[PDB]
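Derivation of every value follows stated rules applied to the coordinates shown; laboratory data play no part. Ideal geometry is used to build each Cβ from the backbone, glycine not excepted, and the neighbour counts take in all protein chains shown.
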Amino acid sequence: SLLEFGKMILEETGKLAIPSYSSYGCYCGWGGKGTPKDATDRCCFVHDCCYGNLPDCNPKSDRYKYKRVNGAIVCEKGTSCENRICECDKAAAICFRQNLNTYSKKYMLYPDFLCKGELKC
Amino acid sequence: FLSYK
């Protein structure tokens, strides 16, 4: 859920996912259309596609557990869903971290009306 | 305990 994902984002980026990444570009939020604004936004686009490939799960709601071994996030075995959701979140949190050098404040509080056109996963 | 999307 947003609880676990938010925790990873803070640990990896040092920034509170909300409000830092909850209104970023076209894909970091609830939106889901248009061309991603930058690398960070693409991380969210990819995260959405990952979640979109978990039809048999409830990404945003399902709770899962994870640990950190040797400074890295480790998704332990739970239900198939918990494991997959964890992996989607892990990949995105790290993606955010890897691209912090191009995180742009100008893309915060981005209005969805500027985002249109379905982009294929 | 804090990410959307």
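Worth pointing out:
- Residue under evaluation A:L100, criteria (1) crowded, with 16+ Cβ neighbours inside 10 Å; (2) more than 14 Å from chain B (Cβ to nearest Cβ); (3) within 15 Å of the chain's Cα centre (by Cα); (4) closer than 28 Å to A:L114 by Cα, criterion not met: (1)
- Residue count for the stretch A:32-53, restricted to those that are away from every other protein chain (no Cβ under 11 Å) and either in a helix (DSSP H, G or I) or of a type in the set (A, V, I, L, M) (or both): 4
- Residue in the stretch A:76-86 that is without any contact (Cβ under 8 Å) to a residue 24 or more places away in the chain, assigned to a loop (DSSP other than H, G, I, E, B) and among the charged types (D, E, K, R) present: yes
- Lone unmet requirement of (1) under 26 Å from A:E118 (Cα atoms); (2) of a type in the set (D, E, K, R); (3) within 14 Å of chain B (Cβ to nearest Cβ); (4) assigned to a loop (DSSP other than H, G, I, E, B) for A:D56: (3)
- Residue match in the stretch A:55-76 (condition: within 22 Å of A:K120 (Cα to Cα) and out of contact with any helix residue (DSSP H, G or I) (no Cβ under 8 Å at 6 or more places or on another chain)): yes
- For the criterion of being more than 17 Å from the chain's Cα centre (by Cα), polar (S, T, N, Q), surrounded by 11 or more Cβ atoms within 10 Å (Cβ to Cβ) and farther than 19 Å from A:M8 by Cβ, A:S80 passes.
- Test: A:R68 is touching an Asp or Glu at 6+ places or on another chain (Cβ under 8 Å) and either within 14 Å of chain B (Cβ to nearest Cβ) or of a type in the set (K, R) (or both): yes
- Some residue of the stretch A:59-73 being aliphatic (A, V, I, L, M), without any contact (Cβ under 8 Å) to a residue 12 or more places away in the chain and surrounded by fewer than 16 Cβ atoms within 10 Å (Cβ to Cβ): yes
- All positions within the stretch A:1-25 that are surrounded by 22 or more Cβ atoms within 10 Å (Cβ to Cβ) and at positive phi: A:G25
- Of the residues in the stretch A:10-31, not one is under 14 Å from A:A92 (Cα atoms), more than 10 Å from chain B (Cβ to nearest Cβ) and part of a loop (DSSP other than H, G, I, E, B).
- Only one of the numbered conditions (1) touching a residue at least 24 places away in the same chain (Cβ under 8 Å); (2) under 17 Å from B:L2 (Cα atoms) is not met by A:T35, and that is (2).
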